[PDB]
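This report refers to the structure that appears directly beneath it.
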Amino acid sequence: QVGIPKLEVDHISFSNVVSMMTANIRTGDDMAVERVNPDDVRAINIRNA
Amino acid sequence: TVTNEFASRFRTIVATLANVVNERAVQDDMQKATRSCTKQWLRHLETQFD
Amino acid sequence: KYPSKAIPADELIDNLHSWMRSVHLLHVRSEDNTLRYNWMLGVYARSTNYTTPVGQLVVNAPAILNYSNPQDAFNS
Amino acid sequence: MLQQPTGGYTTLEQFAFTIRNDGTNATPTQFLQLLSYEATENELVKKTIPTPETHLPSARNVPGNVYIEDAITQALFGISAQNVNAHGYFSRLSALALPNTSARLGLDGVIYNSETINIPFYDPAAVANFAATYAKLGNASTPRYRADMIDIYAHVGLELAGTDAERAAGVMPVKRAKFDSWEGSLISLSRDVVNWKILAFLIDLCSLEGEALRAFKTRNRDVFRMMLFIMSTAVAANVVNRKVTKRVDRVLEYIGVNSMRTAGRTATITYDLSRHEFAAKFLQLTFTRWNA
Amino acid sequence: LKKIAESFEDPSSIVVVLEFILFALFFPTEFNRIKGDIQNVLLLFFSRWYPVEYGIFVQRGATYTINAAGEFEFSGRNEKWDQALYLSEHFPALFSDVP
Amino acid sequence: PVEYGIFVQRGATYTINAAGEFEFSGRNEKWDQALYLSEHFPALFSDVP
Ligand SMILES: Nc1nc2c(ncn2[C@@H]2O[C@H](COP(=O)(O)OP(=O)(O)OP(=O)(O)O)[C@@H](O)[C@H]2O)c(=O)[nH]1
């Protein structure tokens, strides 16, 4: 049998598994990049893409 | 005694590259220049390498 | 020039001719008998005066217009 | 190693597929009984499904034990999954394709790079038959190998809504599904289905042959129909409810017609374009095995 | 590779190609370690300078895999190299040396 | 302008062939003096009617 989903029924459950991200994850941290501008403005095709 | 296979290989390499650069069709006059200058510069690199 | 009446045939012909003399599509003639010429891409390139990437591709490699299998002409 | 019975792994009670319904663990068949279909003027005819490509995408050198069943089930029925073709770990199934590979597919739905202790795993021959086909999910995004994502849904309709005569005909009216409904019924249905261990189903589907296969195809028709149902709700153009004298009938229009929709909605799971391409591929392969 | 952003419009850009050739000479080992990543630069070079040949080449495939008995098997599919592929079965196809 | 378009459709430059016939480019390009040692000649001075 699969288990009954906890929100399907009205009983309160007071031990529950919560997923949690660890130290190895991090979210929302600003990140570094190397921008590299085109060598010539006139070499830049806009279309036909 | 005199010839060096490494240098002479780099020499055929820049020969090929000069044939490549020479066949590179271009539209702008300045590009036309940089082509021939590039060829002279290759002829320079071959001597530095040798 | 002629708002209300037919263009006289002489002027029509002479202007149409001088304009025909004005046009020259890029091409690389070849001896293969299977080959065709991608008229659309060539006239287009010419019309944009070879500024579009297709016009660049054509001005540098006109041979790309020639094709055997019709589809490959564009795949190229 | 888990032995495979003369029937499928699906014969084992360990792999029962059961949606929650009326407070009980209902079998898919006893959910599909609730379903009823209003016909519309439009007709679905099923075109031949193109043979899946010979190519098996490279199982790139991956140190990790990929959680594949989770990836597949979330790509098909997952409420929140997107960009399913960005990572492309589905290709990993082709690690299992080789004869005498060290890799094992655990019942956990994880593809271990080598057999490891205290982790039960499917019989490698079975998994090889299964991978020889389903590794092709790994090329669901590559332009050369993409499945049609419009015509294939006709099969879905026939395999779901279709009466036995409509199935024999290969052509049924486009239908409009409906059933007595609880709040959030399709979300809950899809989540009951994400938890299904479907690799058991797909593996029996690819490994079994002869009468033992056919006996499987009848026994699990309703299961396949439930998977098809969740996908159908995912691609349905609209999903309304109807008041019906202090009762509510959920109604999806339409079975067998992919609307190509991608904007999210509360009523049902939504496919991003990547999930559409994937689901189309999955259907290509699965229907191919289902009709042979 | 420490990625170049070269577009190869100007003739002078042959410099970058040369930068690789020399590297392939002075340091064949390290070159071989990074050569897919340098094939990604070379492809931008060939598609400009030699669009027709580039189309034929890439039509054959951007990579191949040697099999049993040593035959090459080009992919038939253009696709950018990543160093993820170095430990895989795949090879950059510019270095196949198959005419 | 009209005569110009007819002239420049022929090409801004030409090359004498080994057989001695001129071969115009069919292209409208600015001349560079790098071209002076090249096979090409300016087409204004071809004296080909
Ligand atoms: N610019 C340009 N357009 C073209 C060329 N050839 C075809 N087309 C256009 O491509 C479109 C698609 O081609 P077709 O399949 O012939 O379509 P169509 O409407 O039946 O063309 P018609 O013969 O005029 O009836 C047409 O609308 C044409 O206008 C071409 O050589 N140059």
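Identifiers in the structure tokens: chain A, B, ... in order shown; residue index from 1 per chain; ligand index from 1 in order shown.
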List all protein, DNA and RNA residues that have an atom no more than 8 Å from any atom of ligand 1, counting only C-alpha atoms and all ligand atoms, and report them as a list in words.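 These are the residues that qualify: residues 38, 39, 40, 41, 43 and 44 of chain C.
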Spatial neighbours of range 31-40 of chain F, 9 Å, only C-alpha atoms, chain gap at least 2 places, as an MDAnalysis selection string: (chainID B and resid 28:30 32:33 35:37) or (chainID F and resid 12:16 24:25 29 42:43)
Give me the residues within 12 Å of residue 199 in chain D as a PyMOL selection string, counting only C-alpha atoms and dropping any in the same chain fewer than 5 places off. chain D and resi 8-10+15+17+67-73+93+105-111+121-122+126-127+130-131+134+194+204-207+286
Output N, CA and C atoms of each residue in that selection to a file, as a compact mmCIF listing (two decimals), in the first residue's frame.
# COMPACT_ATOMS: atom_id res chain seq x y z
N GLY D 8 5.34 -10.03 -15.12
CA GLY D 8 6.28 -8.94 -14.97
C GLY D 8 6.72 -8.72 -13.53
N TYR D 9 7.57 -7.72 -13.32
CA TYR D 9 7.82 -7.20 -11.98
C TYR D 9 6.54 -6.61 -11.41
N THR D 10 5.65 -6.20 -12.31
CA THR D 10 4.37 -5.62 -11.96
C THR D 10 3.46 -6.61 -11.24
N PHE D 15 5.17 -3.45 -6.34
CA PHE D 15 5.06 -2.47 -7.43
C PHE D 15 3.62 -2.13 -7.81
N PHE D 17 0.36 -0.11 -8.53
CA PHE D 17 0.10 1.24 -9.01
C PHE D 17 -1.31 1.63 -8.60
N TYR D 67 19.46 9.60 -10.61
CA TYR D 67 18.11 9.25 -10.21
C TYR D 67 17.22 9.36 -11.43
N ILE D 68 17.08 8.26 -12.17
CA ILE D 68 16.39 8.32 -13.45
C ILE D 68 14.87 8.28 -13.38
N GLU D 69 14.33 7.46 -12.49
CA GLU D 69 12.89 7.28 -12.42
C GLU D 69 12.26 8.59 -12.01
N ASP D 70 12.95 9.31 -11.13
CA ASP D 70 12.46 10.60 -10.64
C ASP D 70 12.46 11.60 -11.78
N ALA D 71 13.50 11.54 -12.61
CA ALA D 71 13.62 12.44 -13.74
C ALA D 71 12.51 12.21 -14.76
N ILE D 72 12.22 10.94 -15.03
CA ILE D 72 11.21 10.59 -16.02
C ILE D 72 9.81 10.92 -15.52
N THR D 73 9.50 10.45 -14.31
CA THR D 73 8.17 10.66 -13.74
C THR D 73 7.87 12.14 -13.52
N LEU D 93 20.58 6.09 -19.55
CA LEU D 93 19.96 4.77 -19.66
C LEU D 93 20.78 3.88 -20.59
N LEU D 105 20.55 -0.86 -12.48
CA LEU D 105 19.39 -0.01 -12.23
C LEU D 105 18.67 -0.50 -10.99
N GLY D 106 18.79 0.24 -9.90
CA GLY D 106 18.16 -0.16 -8.66
C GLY D 106 16.65 0.03 -8.69
N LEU D 107 15.96 -0.68 -7.82
CA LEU D 107 14.51 -0.59 -7.70
C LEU D 107 14.17 0.82 -7.23
N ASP D 108 15.18 1.47 -6.67
CA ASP D 108 15.07 2.84 -6.22
C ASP D 108 14.85 3.76 -7.41
N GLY D 109 15.13 3.25 -8.61
CA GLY D 109 15.06 4.05 -9.83
C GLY D 109 16.32 4.86 -10.06
N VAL D 110 17.43 4.36 -9.52
CA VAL D 110 18.73 4.99 -9.68
C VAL D 110 19.67 4.10 -10.49
N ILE D 111 20.44 4.71 -11.39
CA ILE D 111 21.38 3.99 -12.25
C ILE D 111 22.78 3.99 -11.66
N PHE D 121 18.29 -4.51 -7.29
CA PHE D 121 18.28 -3.97 -8.65
C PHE D 121 17.62 -4.95 -9.62
N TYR D 122 17.08 -4.41 -10.71
CA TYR D 122 16.40 -5.22 -11.72
C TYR D 122 17.36 -6.15 -12.46
N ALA D 126 16.81 -7.70 -18.47
CA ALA D 126 15.55 -6.99 -18.59
C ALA D 126 15.83 -5.52 -18.80
N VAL D 127 16.74 -5.00 -17.99
CA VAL D 127 17.07 -3.58 -18.06
C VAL D 127 17.71 -3.27 -19.39
N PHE D 130 15.12 -2.90 -21.84
CA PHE D 130 14.44 -1.65 -21.53
C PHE D 130 15.23 -0.39 -21.94
N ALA D 131 16.55 -0.50 -21.93
CA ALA D 131 17.42 0.63 -22.16
C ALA D 131 17.63 0.77 -23.65
N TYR D 134 14.37 2.79 -24.23
CA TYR D 134 14.12 4.05 -23.52
C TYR D 134 15.32 4.96 -23.33
N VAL D 194 3.24 10.37 -10.05
CA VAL D 194 4.67 10.63 -9.99
C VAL D 194 5.35 9.63 -9.05
N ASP D 204 9.03 -4.41 -17.59
CA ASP D 204 8.25 -5.58 -17.97
C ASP D 204 7.76 -5.40 -19.41
N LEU D 205 7.50 -4.16 -19.78
CA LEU D 205 6.97 -3.86 -21.11
C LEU D 205 7.97 -4.20 -22.20
N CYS D 206 9.25 -4.01 -21.91
CA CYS D 206 10.29 -4.27 -22.90
C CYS D 206 10.91 -5.66 -22.82
N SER D 207 10.86 -6.27 -21.64
CA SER D 207 11.50 -7.57 -21.44
C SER D 207 10.60 -8.76 -21.76
N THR D 286 6.89 4.25 -26.25
CA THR D 286 6.00 3.39 -25.47
C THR D 286 4.87 2.82 -26.31
Selection: 12 Å around range 11-16 of chain E, only C-alpha atoms, excl. self and same-chain fewer than 3 positions, as a ChimeraX atom specification: /A:39 /B:14,16-42,45 /E:3-8,19-23,38-39,41-42,44-46,48-49
Within 9 Å of range 47-54 of chain C using only C-alpha atoms, minus same-chain residues under 5 positions, as a PDB file with N, CA and C atoms, in the first residue's frame:
ATOM      1  N   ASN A  45      26.159  41.464 -37.313  1.00  0.00           N
ATOM      2  CA  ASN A  45      24.883  41.251 -37.997  1.00  0.00           C
ATOM      3  C   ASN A  45      23.683  41.271 -37.042  1.00  0.00           C
ATOM      4  N   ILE A  46      22.614  41.941 -37.461  1.00  0.00           N
ATOM      5  CA  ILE A  46      21.412  42.094 -36.649  1.00  0.00           C
ATOM      6  C   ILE A  46      20.343  41.084 -37.065  1.00  0.00           C
ATOM      7  N   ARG A  47      20.394  40.721 -38.339  1.00  0.00           N
ATOM      8  CA  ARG A  47      19.444  39.829 -38.975  1.00  0.00           C
ATOM      9  C   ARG A  47      20.351  39.058 -39.925  1.00  0.00           C
ATOM     10  N   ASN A  48      19.917  37.956 -40.547  1.00  0.00           N
ATOM     11  CA  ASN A  48      18.551  37.443 -40.528  1.00  0.00           C
ATOM     12  C   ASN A  48      18.219  36.566 -39.333  1.00  0.00           C
ATOM     13  N   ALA A  49      19.232  36.252 -38.532  1.00  0.00           N
ATOM     14  CA  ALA A  49      19.055  35.493 -37.289  1.00  0.00           C
ATOM     15  C   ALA A  49      18.467  34.094 -37.492  1.00  0.00           C
TER      16      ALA A  49
ATOM     17  N   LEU C  41      18.372  33.507 -53.640  1.00  0.00           N
ATOM     18  CA  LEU C  41      19.394  33.992 -52.726  1.00  0.00           C
ATOM     19  C   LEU C  41      20.355  34.972 -53.391  1.00  0.00           C
ATOM     20  N   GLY C  42      20.591  34.782 -54.682  1.00  0.00           N
ATOM     21  CA  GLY C  42      21.488  35.657 -55.405  1.00  0.00           C
ATOM     22  C   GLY C  42      20.864  37.020 -55.627  1.00  0.00           C
ATOM     23  N   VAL C  59      28.812  37.133 -51.378  1.00  0.00           N
ATOM     24  CA  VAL C  59      29.873  37.974 -51.907  1.00  0.00           C
ATOM     25  C   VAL C  59      31.243  37.318 -51.715  1.00  0.00           C
TER      26      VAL C  59
END
At a cut-off of 10 Å, list the chain C residues touching chain B, using only C-alpha atoms, as a ChimeraX atom specification. /C:56,59-61
Long-range neighbours of residue 3 in chain A as a ChimeraX atom specification, 12 Å cut-off, only C-alpha atoms, 4 positions minimum in chain: /A:7-9 /D:18-20,23-25,192,195
To one decimal in Å, tell me the separation between CA of residue 14 in chain D and CA of residue 1 in chain A.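 These atoms are spaced 8.4 Å apart.
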Near residue 68 in chain C, counting only C-alpha atoms, which residues have an atom at most 8 Å away, once you skip same-chain residues fewer than 2 positions from it, shown as JSON, numbers by chain? {"C": [34, 35, 36, 66, 70, 72, 73]}
Just list as a list in words whatever in chain E DSSP marks as strand (DSSP E or B).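 The strand (DSSP E or B) residues within chain E come out as residues 63, 64, 91 and 92 of chain E.
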Could you check the closest approach to chain A for each of E:73, E:10, E:37, E:82 and tell me which residue wins, using only C-alpha atoms?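 Of the candidates, the smallest distance to chain A is held by E:10.
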Name the residues of range 17-71 of chain C that come out as helix (DSSP H, G or I) in a backbone DSSP run; write them as an MDAnalysis selection string. chainID C and resid 17:22 39:47 53:60 62:65
Write the residues of the preceding selection, restricted to N, CA and C atoms, as a short mmCIF file (atom, residue, chain, number, x, y, z; two decimals), in the first residue's frame.
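Final output, saved to out34.cif:
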data_model
loop_
_atom_site.label_atom_id
_atom_site.label_comp_id
_atom_site.auth_asym_id
_atom_site.auth_seq_id
_atom_site.Cartn_x
_atom_site.Cartn_y
_atom_site.Cartn_z
N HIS C 17 16.17 48.33 -70.76
CA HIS C 17 17.41 47.76 -71.25
C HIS C 17 18.59 48.28 -70.48
N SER C 18 18.63 49.60 -70.27
CA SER C 18 19.76 50.16 -69.56
C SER C 18 19.75 49.64 -68.14
N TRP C 19 18.55 49.44 -67.59
CA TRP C 19 18.47 48.83 -66.26
C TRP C 19 18.86 47.35 -66.23
N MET C 20 18.56 46.64 -67.30
CA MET C 20 19.01 45.26 -67.43
C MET C 20 20.53 45.20 -67.51
N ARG C 21 21.13 46.16 -68.19
CA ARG C 21 22.58 46.26 -68.28
C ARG C 21 23.12 46.54 -66.89
N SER C 22 22.33 47.25 -66.09
CA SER C 22 22.72 47.58 -64.73
C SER C 22 22.86 46.37 -63.79
N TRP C 39 18.62 31.25 -57.61
CA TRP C 39 18.26 32.57 -58.11
C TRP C 39 17.77 33.46 -56.99
N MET C 40 17.03 32.87 -56.07
CA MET C 40 16.39 33.63 -55.00
C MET C 40 17.43 34.30 -54.12
N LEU C 41 18.37 33.51 -53.64
CA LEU C 41 19.39 33.99 -52.73
C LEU C 41 20.35 34.97 -53.39
N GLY C 42 20.59 34.78 -54.68
CA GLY C 42 21.49 35.66 -55.41
C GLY C 42 20.86 37.02 -55.63
N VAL C 43 19.61 37.04 -56.08
CA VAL C 43 18.94 38.31 -56.33
C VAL C 43 18.67 39.02 -55.02
N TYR C 44 18.51 38.24 -53.96
CA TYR C 44 18.24 38.83 -52.67
C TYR C 44 19.49 39.50 -52.18
N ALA C 45 20.60 38.77 -52.26
CA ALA C 45 21.89 39.28 -51.82
C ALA C 45 22.16 40.57 -52.57
N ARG C 46 21.93 40.54 -53.87
CA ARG C 46 22.21 41.70 -54.68
C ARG C 46 21.33 42.86 -54.26
N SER C 47 20.07 42.56 -53.93
CA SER C 47 19.11 43.60 -53.56
C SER C 47 19.46 44.28 -52.24
N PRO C 53 23.84 38.66 -43.81
CA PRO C 53 24.79 37.55 -43.69
C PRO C 53 24.76 36.67 -44.91
N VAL C 54 23.58 36.51 -45.51
CA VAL C 54 23.49 35.79 -46.76
C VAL C 54 24.23 36.52 -47.88
N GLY C 55 24.20 37.84 -47.83
CA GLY C 55 24.83 38.64 -48.86
C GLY C 55 26.33 38.61 -48.67
N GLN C 56 26.76 38.41 -47.43
CA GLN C 56 28.18 38.30 -47.13
C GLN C 56 28.66 36.96 -47.63
N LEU C 57 27.87 35.93 -47.34
CA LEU C 57 28.22 34.57 -47.68
C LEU C 57 28.33 34.48 -49.19
N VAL C 58 27.45 35.20 -49.88
CA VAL C 58 27.41 35.15 -51.33
C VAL C 58 28.54 35.97 -51.95
N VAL C 59 28.81 37.13 -51.38
CA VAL C 59 29.87 37.97 -51.91
C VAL C 59 31.24 37.32 -51.71
N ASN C 60 31.38 36.50 -50.67
CA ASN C 60 32.64 35.79 -50.44
C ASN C 60 32.71 34.42 -51.11
N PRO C 62 30.45 32.78 -53.88
CA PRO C 62 29.37 32.75 -54.87
C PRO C 62 29.01 31.32 -55.24
N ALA C 63 30.00 30.43 -55.13
CA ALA C 63 29.85 29.03 -55.49
C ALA C 63 28.78 28.35 -54.65
N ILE C 64 28.47 28.93 -53.50
CA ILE C 64 27.45 28.37 -52.63
C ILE C 64 26.08 28.41 -53.28
N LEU C 65 25.90 29.32 -54.24
CA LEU C 65 24.62 29.41 -54.96
C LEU C 65 24.37 28.20 -55.87
#
